[PDB]
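Colleague: Here you go, one structure.
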Amino acid sequence: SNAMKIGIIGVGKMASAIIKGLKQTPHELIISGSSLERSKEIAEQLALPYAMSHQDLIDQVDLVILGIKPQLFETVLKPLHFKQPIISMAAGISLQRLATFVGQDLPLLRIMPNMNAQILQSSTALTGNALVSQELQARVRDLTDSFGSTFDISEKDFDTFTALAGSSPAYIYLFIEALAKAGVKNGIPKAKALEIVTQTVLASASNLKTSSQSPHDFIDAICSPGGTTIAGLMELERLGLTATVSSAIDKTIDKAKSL
Amino acid sequence: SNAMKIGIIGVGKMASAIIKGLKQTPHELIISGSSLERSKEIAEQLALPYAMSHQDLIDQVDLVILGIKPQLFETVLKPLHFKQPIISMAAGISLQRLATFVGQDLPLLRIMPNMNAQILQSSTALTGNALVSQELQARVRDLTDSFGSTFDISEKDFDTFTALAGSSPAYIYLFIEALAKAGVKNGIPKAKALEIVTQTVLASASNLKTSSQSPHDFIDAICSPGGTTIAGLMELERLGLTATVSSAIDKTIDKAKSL
Amino acid sequence: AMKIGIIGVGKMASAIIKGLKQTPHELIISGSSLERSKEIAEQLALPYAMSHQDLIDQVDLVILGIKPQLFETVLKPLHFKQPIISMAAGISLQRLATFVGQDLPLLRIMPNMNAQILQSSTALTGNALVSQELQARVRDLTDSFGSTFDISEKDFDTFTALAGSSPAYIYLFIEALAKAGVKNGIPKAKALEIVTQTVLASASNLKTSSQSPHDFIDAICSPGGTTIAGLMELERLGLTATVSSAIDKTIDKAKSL
Amino acid sequence: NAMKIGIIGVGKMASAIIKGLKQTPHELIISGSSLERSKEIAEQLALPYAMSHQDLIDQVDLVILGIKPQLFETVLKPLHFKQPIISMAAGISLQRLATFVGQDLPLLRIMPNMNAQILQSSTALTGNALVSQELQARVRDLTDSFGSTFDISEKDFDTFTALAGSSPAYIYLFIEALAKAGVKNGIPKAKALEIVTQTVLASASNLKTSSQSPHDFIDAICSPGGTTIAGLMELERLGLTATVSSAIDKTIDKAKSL
Ligand SMILES: NC(=O)c1ccc[n+]([C@@H]2O[C@H](COP(=O)([O-])OP(=O)(O)OC[C@H]3O[C@@H](n4cnc5c(N)ncnc54)[C@H](OP(=O)(O)O)[C@@H]3O)[C@@H](O)[C@H]2O)c1
Ligand SMILES: NC(=O)c1ccc[n+]([C@@H]2O[C@H](COP(=O)([O-])OP(=O)(O)OC[C@H]3O[C@@H](n4cnc5c(N)ncnc54)[C@H](OP(=O)(O)O)[C@@H]3O)[C@@H](O)[C@H]2O)c1
Ligand SMILES: NC(=O)c1ccc[n+]([C@@H]2O[C@H](COP(=O)([O-])OP(=O)(O)OC[C@H]3O[C@@H](n4cnc5c(N)ncnc54)[C@H](OP(=O)(O)O)[C@@H]3O)[C@@H](O)[C@H]2O)c1
Ligand SMILES: NC(=O)c1ccc[n+]([C@@H]2O[C@H](COP(=O)([O-])OP(=O)(O)OC[C@H]3O[C@@H](n4cnc5c(N)ncnc54)[C@H](OP(=O)(O)O)[C@@H]3O)[C@@H](O)[C@H]2O)c1
Ligand code: NA
Ligand code: NA
Ligand code: NA
Ligand code: NA
């Protein structure tokens with residue numbers, strides 16, 4: 001059948017998020033944690049089969065997905081013997097470096113998902129090494145489409161995409177929290193302030209998405225002469241909002257590079 | 001019939017946006033611009049009846065909507081004789097001040113919409129003076145629901161809501177532009193960078209909306225220990241993203257207060 | 001064809017006379033002292049008056065070229081009897097009526113130094129005594145040394161910053177580009193030639209195009225390129241905030257004058 | 001005395017010089033990042049396309065490169081060049097270009113800007129040791145067709161890139177800042193922008209035709225106890241000059257690292 005068996009090594013927050021989307025596929029799933037005790041425990045919570053070891057996982061599966069953090073790739077992967085294509089979700093680790101940990105004869109793929117996988121709206125980058133066929137990439141693209149959208153991104157752009165899509169949800173939340181806290185400062189209860197700004201963020205992003213106008217086109221439209229919005233906007237300029245965000249993205253990329 | 005005749009005095013960007021939603025109602029619409037030449041010209045563009053003067057507008061209508069900027073309220077309104085309930089969309093002008101321009105015997109309402117009215121997803125505050133009945137408020141709430149959602153907000157909170165919902169779209173766009181420009185700095189074409197971040201902003205806001213978790217709960221989930229996201233987040237802290245946004249909201253509110 | 005008189009002729013007033021010489025009107029000037037009047041009249045190839053009042057009695061229209069802080073001192077002891085045009089920053093039509101009279105049509109202009117090449121961007125406005133006749137005759141005057149903007153008086157201080165003061169900010173900006181050129185190995189004259197020509201062309205491109213400045217910025221910023229690196233440095237150090245705060249200060253000063 | 005000129009990579013900048021190239025006697029042909037893209041671009045620009053880069057190279061007297069600097073190595077090494085080549089790329093020296101395309105070719109660099117769209121680019125031009133008097137003169141006619149041309153030595157190219165290639169973006173951010181200051185203070189954006197754009201245009205024209213320096217002009221415009229001097233000292237306070245200089249330095253750093 002089109003159905004394959006997929007094993008996941010390391011199941012934390014990001015891997016847990018993509019499981020939900022993977023349950024909506026025909027495929028069979030099996031997991032493997034940091035200890036056997038931990039594996040049973042999360043297999044409990046997710047209602048899925050667990051493996052007795054990572055090698056035990058590897059020996060029965062058609063495709064492996066790696067959910068461990070990048071700092072543990074060498075330690076965890078080198079002692080193992082892989083036998084199928086592997087997908088890494090890890091920031092900062094190239095396909096070339098993965099091949100040294102895992103083997104030069106394996107088709108290897110990289111994805112860069114985000115926590116919006118939780119609602120099947122991840123914005124996920126996908127790329128493969130020279131051993132990945134058209135058909136295999138398409139099969140994996142089916143997997144990524146199950147928990148959001150999929151972007152065909154060159155590997156040389158993966159670190160930048162990690163910042164724009166992978167990490168940015170946190171920056172978006174801090175920004176949202178900032179508007180809401182400012183509502184609190186100024187008289188509006190937190191829950192109410194959050195509801196208003198979250199709905200406004202949603203609507204503003206849809207409006208941009210479906211319009212041919214740029215972000216600056218909208219800003220010109222919204223800033224009435226001598227109005228309240230231009231006052232707030234020049235305060236954003238004075239305090240360096242744009243420089244702040246961009247510097248943050250630079251730091252994110254720098255970290256991805258050093259990993 | 002339930003249908004009324006509604007006249008709009010001053011039709012710029014914000015008033016143009018709410019027309020689309022008002023066309024989806026049973027009601028009859030008529031507009032009135034800055035000059036008769038301008039009125040014909042925009043009635044042309046919107047495919048609607050225009051009035052020969054503001055008084056000409058006032059004499060045939062069941063409800064007036066004011067789309068002029070706050071700085072022109074005194075100049076434009078005092079010479080006129082109003083005969084029906086009026087809705088003001090203007091930032092910074094209380095119902096009490098409007099009554100001095102327009103009359104102490106009129107039911108008066110305030111709304112605070114945003115440019116997302118363009119896609120019928122405005123987040124709109126609504127309030128009325130002591131002359132507004134339950135039935136009239138409900139009829140006007142029907143109007144506001146035609147171009148988005150409606151919030152029952154005390155007038156004392158209108159200036160803060162103006163900042164959180166009315167002006168914030170511009171701040172959201174500048175923030176989005178900042179992420180996208182940072183993608184450009186780092187190798188990703190503008191259009192592509194915008195597509196990725198706009199979709200991520202959309203998805204992140206839906207995820208927050210439908211979840212019981214706070215923005216900081218999500219941030220903890222997204223920040224892997226020693227990872228790329230915590231690096232970028234501490235850079236946002238170092239450069240004062242939260243203080244920046246909040247100071248901007250303060251400036252927005254200050255301007256609303258001085259108007 | 002009227003006889004037009006100018007009281008006070010410094011930098012701005014001198015720049016404006018080149019354009020006025022190309023109108024059919026007759027001109028006469030009056031300075032800070034008889035000697036100064038003659039010195040100035042010689043170099044402009046124009047007649048001069050023996051005193052401000054002597055100027056006033058023979059002239060259809062007065063143009064004021066003195067600094068705002070001299071308006072009271074210089075105008076109060078005179079007796080005007082024509083429409084007056086003020087080019088002064090900070091001085092309202094209302095305040096001027098206080099110095100010269102409540103029965104006079106009074107206009108304000110706000111030109112800039114580009115009058116020298118007849119390309120000033122000049123705001124024009126008048127009080128309640130100004131017919132659509134008079135505003136027309138005066139608009140012909142201002143079109144002689146550039147373009148004319150019908151600007152309401154409430155917007156004059158801002159126009160003053162945007163068109164009147166801004167040439168100096170533009171020049172500091174150009175100078176900064178050229179100094180940056182010098183710092184990095186290109187001679188001052190050559191860098192200034194390059195930059196001036198680039199500013200000139202850029203603004204011509206913007207003017208004839210339907211695209212916004214930010215649209216052009218998007219076209220110019222190649223992904224991973226040099227321009228986006230420089231642009232984000234400008235954002236880091238606050239170019240936009242800095243210009244805006246300078247404009248606010250210009251407007252604050254206009255207000256307090 | 002007419003060449004055929006071929007163009008490899010056609011983005012914003014390359015599309016901008018076409019208009020001037022069309023006013024020349026020379027024949028033109030293009031080649032993009034795929035055959036599908038070549039035809040879309042040919043459609044938009046009303047110009048012949050080649051079936052591939054080598055196909056372009058094989059039938060052409062001169063090659064102009066409009067690809068990004070980051071792509072030179074990947075795109076140029078596999079090909080076999082057979083004629084003089086003009087690069088418009090930031091940051092890549094003639095010496096480095098020769099390692100990608102061969103040591104036996106006359107090679108030239110230009111540095112234009114987006115004002116080529118209206119035939120008013122400020123374009124630097126330089127050639128390697130293999131470029132003749134006559135060839136550079138022929139290239140000078142090419143760049144003269146979309147603006148002015150500056151004979152500048154290559155050691156000065158990264159600085160020229162910043163002053164003339166990148167600077168229009170800095171000029172527009174400045175104009176935009178002036179226009180937004182207008183909006184903040186009650187004047188509509190379109191109106192504000194019309195006023196400042198016209199002022200920048202006239203100011204730069206006055207400077208060009210005067211013998212006075214920018215600082216001379218500043219002295220003229222700053223009436224004692226006036227509004228301009230107050231704004232000027234605010235620019236000084238907040239560091240306008242050092243800000244522009246620092247951006248130029250960063251533009252040049254980037255060109256160096258490319
Ligand atoms: N979080 C995000 O929003 C995000 C977004 C995009 C990409 N990513 C990528 O996703 C990957 C995981 O990130 P995360 O945030 O999910 O990290 P996390 O929450 O810390 O999850 C890592 C998991 O791996 C487990 N683990 C530790 N040692 C192991 C080993 N010996 N063998 C098997 N499993 C082991 C840990 O188990 P215990 O709990 O028992 O210690 C933990 O649950 C990273 O590579 C990151 O680059 C994350
Ligand atoms: N823009 C927003 O995102 C936003 C958001 C929330 C609330 N608001 C509120 O909405 C109101 C309008 O803002 P806006 O951004 O739409 O401003 P705008 O774009 O400048 O529109 C104002 C319009 O009123 C017209 N007008 C001027 N004088 C008039 C008079 N004599 N009689 C009738 N009409 C006249 C102008 O006509 P001409 O074009 O011919 O000059 C202009 O089209 C403001 O009160 C503001 O507080 C705006
Ligand atoms: N400069 C600009 O770029 C600019 C731009 C737009 C608007 N403006 C406005 O234009 C006006 C002129 O400014 P400016 O920069 O041209 O100043 P300026 O060069 O210093 O001119 C002032 C002139 O007034 C003369 N004056 C002094 N006392 C006088 C008196 N008692 N009677 C008659 N004339 C007297 C001075 O004569 P002496 O030379 O003998 O001292 C001097 O020539 C100001 O009101 C300013 O706000 C200036
Ligand atoms: N932008 C400026 O104002 C400016 C000013 C002076 C000099 N420059 C220089 O001009 C060059 C291009 O800049 P730009 O702003 O025009 O960048 P751009 O718009 O991104 O153009 C680069 C073009 O190269 C194409 N391309 C990608 N891969 C290719 C390949 N495999 N073979 C052939 N063509 C390929 C791209 O096609 P697709 O669209 O199909 O991907 C794109 O259209 C740069 O080297 C830069 O240093 C730029
Ligand atoms: Na790395
Ligand atoms: Na107020
Ligand atoms: Na004043
Ligand atoms: Na370089």
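The way I read the labels, and the way they are meant: chains A, B, ... in the order of the structure tokens, residue 1 as the first residue of every chain, and ligand 1 as the first ligand shown, with later ones counted on from there.
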Could you give me, as an mmCIF file with C-alpha atoms, in the first residue's frame, every polymer residue with an atom at most 8 Å away from an atom of ligand 1, counting only C-alpha atoms and all ligand atoms?
Modeller:
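Result file part_28.cif:
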data_model
loop_
_atom_site.group_PDB
_atom_site.id
_atom_site.type_symbol
_atom_site.label_atom_id
_atom_site.label_comp_id
_atom_site.auth_asym_id
_atom_site.auth_seq_id
_atom_site.Cartn_x
_atom_site.Cartn_y
_atom_site.Cartn_z
ATOM 1 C CA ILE A 9 13.439 9.532 17.280
ATOM 2 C CA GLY A 10 13.081 12.155 20.016
ATOM 3 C CA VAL A 11 9.595 13.540 20.634
ATOM 4 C CA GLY A 12 9.529 16.939 22.271
ATOM 5 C CA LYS A 13 7.329 19.940 21.607
ATOM 6 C CA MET A 14 8.076 20.349 17.874
ATOM 7 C CA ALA A 15 7.844 16.606 17.040
ATOM 8 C CA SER A 16 4.673 16.253 19.158
ATOM 9 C CA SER A 32 11.393 6.489 20.531
ATOM 10 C CA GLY A 33 12.282 8.797 23.462
ATOM 11 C CA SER A 34 15.312 9.760 25.594
ATOM 12 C CA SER A 35 14.893 6.675 27.774
ATOM 13 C CA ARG A 38 10.249 8.273 28.737
ATOM 14 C CA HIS A 54 16.376 3.591 18.576
ATOM 15 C CA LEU A 66 14.563 13.132 13.794
ATOM 16 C CA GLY A 67 13.036 15.231 16.594
ATOM 17 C CA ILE A 68 16.143 15.564 18.814
ATOM 18 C CA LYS A 69 17.900 18.911 19.327
ATOM 19 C CA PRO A 70 20.922 19.724 17.096
ATOM 20 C CA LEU A 72 22.729 15.875 20.405
ATOM 21 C CA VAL A 76 22.784 10.089 19.519
ATOM 22 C CA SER A 88 15.912 16.104 10.038
ATOM 23 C CA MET A 89 13.923 18.997 11.508
ATOM 24 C CA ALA A 90 16.951 20.469 13.297
ATOM 25 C CA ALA A 91 18.112 24.060 12.914
ATOM 26 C CA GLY A 92 21.696 24.663 11.886
ATOM 27 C CA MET A 112 12.013 23.617 8.893
ATOM 28 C CA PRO A 113 8.556 23.585 10.555
ATOM 29 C CA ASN A 114 7.002 25.809 13.219
ATOM 30 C CA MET A 115 4.698 25.401 16.233
ATOM 31 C CA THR A 162 14.563 29.135 10.285
ATOM 32 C CA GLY A 166 10.678 28.782 12.599
ATOM 33 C CA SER A 167 11.559 31.283 15.298
ATOM 34 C CA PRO A 169 6.238 32.851 15.973
ATOM 35 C CA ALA B 221 7.229 26.160 23.989
ATOM 36 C CA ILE B 222 9.044 27.643 20.957
ATOM 37 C CA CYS B 223 12.407 28.429 22.698
ATOM 38 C CA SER B 224 14.496 25.203 22.627
ATOM 39 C CA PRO B 225 17.297 25.371 25.221
ATOM 40 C CA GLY B 227 18.442 27.176 20.393
ATOM 41 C CA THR B 228 18.060 29.815 17.717
ATOM 42 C CA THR B 229 14.786 31.296 19.010
#
Colleague: Per DSSP on the backbone, filter segment 70-137 of chain A down to the residues in helix (DSSP H, G or I) and report them as a list in words.
Modeller: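 Matching residues for helix (DSSP H, G or I) in segment 70-137 of chain A are residues 70, 71, 72, 73, 74, 75, 76, 77, 95, 96, 97, 98, 99, 100, 101, 102, 115, 116, 117, 118, 119, 134, 135, 136 and 137 of chain A.
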Colleague: For C-alpha atoms, I'd like the residues from the last selection saved as a JSON list (two decimals), in the first residue's frame.
Modeller:
[["chain", "number", "residue", "atom", "x", "y", "z"],
["A", 70, "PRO", "CA", 20.92, 19.72, 17.10],
["A", 71, "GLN", "CA", 23.39, 19.64, 20.04],
["A", 72, "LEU", "CA", 22.73, 15.88, 20.41],
["A", 73, "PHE", "CA", 23.06, 14.76, 16.76],
["A", 74, "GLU", "CA", 26.64, 13.38, 17.05],
["A", 75, "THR", "CA", 26.13, 11.68, 20.44],
["A", 76, "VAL", "CA", 22.78, 10.09, 19.52],
["A", 77, "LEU", "CA", 23.22, 9.25, 15.80],
["A", 95, "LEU", "CA", 22.61, 17.63, 5.00],
["A", 96, "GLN", "CA", 26.38, 17.30, 4.47],
["A", 97, "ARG", "CA", 27.06, 17.19, 8.22],
["A", 98, "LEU", "CA", 24.11, 14.81, 8.77],
["A", 99, "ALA", "CA", 25.58, 12.39, 6.18],
["A", 100, "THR", "CA", 28.82, 12.19, 8.23],
["A", 101, "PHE", "CA", 26.82, 11.20, 11.34],
["A", 102, "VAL", "CA", 24.57, 8.76, 9.55],
["A", 115, "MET", "CA", 4.70, 25.40, 16.23],
["A", 116, "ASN", "CA", 1.66, 26.22, 14.02],
["A", 117, "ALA", "CA", 1.86, 22.55, 13.04],
["A", 118, "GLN", "CA", -0.36, 22.28, 16.15],
["A", 119, "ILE", "CA", -3.23, 23.61, 14.06],
["A", 134, "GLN", "CA", 11.48, 13.28, -7.37],
["A", 135, "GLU", "CA", 9.10, 10.63, -6.05],
["A", 136, "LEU", "CA", 10.60, 10.57, -2.57],
["A", 137, "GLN", "CA", 10.57, 14.39, -2.29]]
Colleague: Write out as an MDAnalysis selection string every residue belonging to chain D that has an atom at most 7 Å from any atom of chain A, counting only C-alpha atoms.
Modeller: chainID D and resid 183:188
Colleague: Please produce a file of the residues just selected, as a PDB file, in the first residue's frame, where the atoms kept are N, CA and C atoms.
Modeller:
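Ended up saving to out_38.pdb:
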ATOM      1  N   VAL D 183       3.212  64.393   7.017  1.00  0.00           N
ATOM      2  CA  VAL D 183       1.988  63.732   7.501  1.00  0.00           C
ATOM      3  C   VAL D 183       1.814  63.920   9.015  1.00  0.00           C
ATOM      4  N   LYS D 184       2.872  63.665   9.780  1.00  0.00           N
ATOM      5  CA  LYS D 184       2.789  63.758  11.234  1.00  0.00           C
ATOM      6  C   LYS D 184       2.221  65.127  11.584  1.00  0.00           C
ATOM      7  N   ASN D 185       2.625  66.121  10.795  1.00  0.00           N
ATOM      8  CA  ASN D 185       2.291  67.514  11.053  1.00  0.00           C
ATOM      9  C   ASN D 185       1.123  68.076  10.207  1.00  0.00           C
ATOM     10  N   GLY D 186       0.313  67.191   9.636  1.00  0.00           N
ATOM     11  CA  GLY D 186      -0.995  67.593   9.138  1.00  0.00           C
ATOM     12  C   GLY D 186      -1.116  67.698   7.636  1.00  0.00           C
ATOM     13  N   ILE D 187      -0.042  67.454   6.898  1.00  0.00           N
ATOM     14  CA  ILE D 187      -0.099  67.511   5.430  1.00  0.00           C
ATOM     15  C   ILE D 187      -0.200  66.119   4.797  1.00  0.00           C
ATOM     16  N   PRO D 188      -1.185  65.906   3.884  1.00  0.00           N
ATOM     17  CA  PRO D 188      -1.367  64.592   3.285  1.00  0.00           C
ATOM     18  C   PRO D 188      -0.108  64.070   2.599  1.00  0.00           C
TER      19      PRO D 188
END
Colleague: Could you pull the residues within 6 Å of segment 146-148 of chain A, counting only C-alpha atoms, minus those fewer than 5 positions along the same chain, as a list in words?
Modeller: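 Surrounding residues, per the criterion: residues 21, 117, 120, 121, 122 and 123 of chain A.
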Colleague: Got time to write the residues from that selection, C-alpha atoms, as an mmCIF file, in the first residue's frame?
Modeller:
data_model
loop_
_atom_site.group_PDB
_atom_site.id
_atom_site.type_symbol
_atom_site.label_atom_id
_atom_site.label_comp_id
_atom_site.auth_asym_id
_atom_site.auth_seq_id
_atom_site.Cartn_x
_atom_site.Cartn_y
_atom_site.Cartn_z
ATOM 1 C CA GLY A 21 -0.836 16.015 11.161
ATOM 2 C CA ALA A 117 1.864 22.553 13.040
ATOM 3 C CA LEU A 120 -1.884 22.148 10.803
ATOM 4 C CA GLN A 121 -0.753 25.583 9.601
ATOM 5 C CA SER A 122 3.010 25.272 9.842
ATOM 6 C CA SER A 123 5.059 27.126 7.223
#
Colleague: Output as CSV one row per residue of chain D within 9 Å of ligand 8: the closest atom pair and its distance in Å to one decimal place, counting only C-alpha atoms and all ligand atoms, sorted by chain and residue number ascending.
Modeller:
residue,atom,partner,partner_atom_place_in_ligand_line,distance
D:90,CA,ligand 8,1 (Na),7.4
D:91,CA,ligand 8,1 (Na),3.6
D:92,CA,ligand 8,1 (Na),5.1
D:93,CA,ligand 8,1 (Na),6.8
D:158,CA,ligand 8,1 (Na),7.8
D:252,CA,ligand 8,1 (Na),8.8
D:253,CA,ligand 8,1 (Na),8.4
D:254,CA,ligand 8,1 (Na),7.4
D:255,CA,ligand 8,1 (Na),4.8
D:256,CA,ligand 8,1 (Na),3.5
D:257,CA,ligand 8,1 (Na),4.8
D:258,CA,ligand 8,1 (Na),4.1
Colleague: For chain D, list the residues within 6 Å of chain C, counting only C-alpha atoms, and write the list as a list in words.
Modeller: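 Only these qualify: residues 120, 166, 168, 169, 172, 177, 181, 197, 201, 202, 203, 204, 214, 218, 227, 228, 230, 231, 234, 235, 238, 241, 243, 245, 247, 250, 251, 254 and 255 of chain D.
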Colleague: Please report the interatomic distance between atom CA of residue 208 of chain A and atom CA of residue 203 of chain B in Å with one decimal.
Modeller: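 Interatomic distance here is 13.7 Å.
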Colleague: Near residue 87 of chain D, counting only C-alpha atoms, which residues have an atom at most 7 Å away, once you skip same-chain residues fewer than 6 positions from it, shown as number ranges by chain?
Modeller: D: 64-65, 108-110
Colleague: Can you work out which residues are within 9 Å of ligand 5, considering only C-alpha atoms and all ligand atoms, and then hand them over as a ChimeraX atom specification?
Modeller: /A:91-94,159,253-259
